[PDB]
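Commentary on secondary and tertiary structure
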Amino acid sequence: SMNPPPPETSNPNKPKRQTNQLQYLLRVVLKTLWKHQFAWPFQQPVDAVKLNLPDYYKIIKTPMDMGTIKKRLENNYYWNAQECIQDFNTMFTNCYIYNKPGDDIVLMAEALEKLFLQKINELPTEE
Ligand SMILES: CCN1C(=O)c2cccc3c(S(=O)(=O)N4CCCC4)ccc1c23
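About the thresholds
Residues numbered from 1 in each chain as written, not as in the entry; some residues may be left out. Heavy atoms only, no water. Residues with missing side-chain atoms left out of burial classes, pairs and counts. Helix = DSSP H or I, 4+ residues; strand = E, 2+ residues; numbered from the N terminus. Rg over C-alpha atoms; globule rule 2.2 N^0.38 Å. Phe/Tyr/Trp six-rings, centres within 6.5 Å; stacked < 30°, edge-to-face > 60°. Buried < 20%, exposed > 50% of the residue type's maximum accessible area, 1.4 Å probe, protein only. Core = buried A, V, L, I, M, F, W, Y, C linked by side-chain atoms within 4.5 Å. Contact = heavy atoms within 4.5 Å. Axes fitted to C-alpha atoms, helices over the stretch in contact; angles between N-to-C directions. Parallel < 35°, antiparallel > 145°, perpendicular 65-115°, else oblique. Left-handed = near helix turned anticlockwise from the far one by under 90°. Polar contact = N/O pair within 3.5 Å; in protein donor to acceptor, adjacent residues only side chain to side chain.

As annotated in the PDB entry, the protein carries the name Bromodomain-containing protein 4 and is attributed to Homo sapiens. For this entry, the PDB title field holds "BRD4 Bromodomain 1 with an inhibitor".

This is the structure:
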């Protein structure tokens, strides 16, 4: 039983920008989701060894999680808000792929995804 290396949070050869929207994605969007009662399963990479989900990384090949997202934001990893929104989308999609409608974890993800969409419906203007 082996977890893979977690996604990178720094990369010196990737272009980065400090954007008004990206600051909002950390200050408001991430930080708010993080405090939700259903946030905890998503706050770190899936440890398939601890959770005894040995088939997880047999199935999920582009893992993502809010802890990785938060580190990427704090580390100025992204060029634009769409890159970071894509990571959120990968996180939710992975959960929907591995699990089935009605599972507790899927109900948690559905609730978080709706809050996430509410929060990104309106982003600060790329002044
Ligand atoms: C979001 C990533 N991710 C999955 O795809 C997934 C599948 C089955 C269980 C779990 C757990 S758990 O065991 O702590 N759990 C919390 C609620 C249900 C059970 C935490 C995080 C998980 C899973």
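Let us now look at the overall build of the protein. Along its length, the protein carries five helices and zero strands. Secondary structure elements of the protein occur, N-terminal to C-terminal, as α-α-α-α-α. Against the globule reference of 14 Å for 127 residues, the protein gives a C-alpha radius of gyration of 15 Å, in line with a compact fold. Counting only C-alpha atoms, the protein reaches 45 × 35 × 20 Å along its principal axes.

On to the packing of aromatic side chains. Within this structure, the stated rule accounts for five aromatic pairs. Plain terms: the ring middles of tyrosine 56 and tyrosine 98 are 4.9 Å apart, the flat faces sit at 55° to each other, and that makes the pair tilted. Of the two residues, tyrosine 56 is situated in helix α2 (residues 56-59) and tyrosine 98 in helix α4 (residues 81-98); the sequence distance between them amounts to 42 residues. For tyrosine 56, a relative accessible area of 8% translates into the label buried.

With that out of the way, let us pick up the nonpolar core. Side chains that are nonpolar tend, in soluble globular proteins, to be buried together. Counting residues in hydrophobic clusters, the biggest one holds 29 residues, and the most contacted among them are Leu25, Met66, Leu73 and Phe88. Those elements that place two or more of their residues in this core are α1 (20-35), α3 (66-74), α4 and α5 (104-120). The element that contributes the greatest number of residues to this core is α1, accounting for eight residues. Setting aside residues up to four positions removed in sequence, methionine 66 forms contacts with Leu30, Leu33, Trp34, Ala39, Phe42, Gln43, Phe88, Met91 and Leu112.

On to the packing of α4 against α5, then. Each pair of packed helices can be described by the angle between their axes along with the distance between the axes. Interhelical geometry of α4 versus α5 gives an angle of 160° and a closest axis separation of 9 Å. For the element pair α4 / α5, the angle class is roughly antiparallel. Crossing hand, α4 versus α5: left-handed. Contacts between α4 and α5 involve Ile85, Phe88, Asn89, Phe92, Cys95 and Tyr96 on the former and, on the latter, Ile105, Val106, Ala109, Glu110, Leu112, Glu113, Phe116 and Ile120.

Here the focus is α3. When α3 is considered as a whole, its buried residues turn out to be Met66, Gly67, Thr68, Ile69, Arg72 and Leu73. Here the buried face of α3 lies against α1, α4 and α5. Two or three places before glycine 67, at the start of α3, stands the capping residue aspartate 65, its side-chain oxygen 2.8 Å from that residue's backbone nitrogen. One or two steps after α3, the chain reaches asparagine 76, where phi turns positive at roughly 55°.

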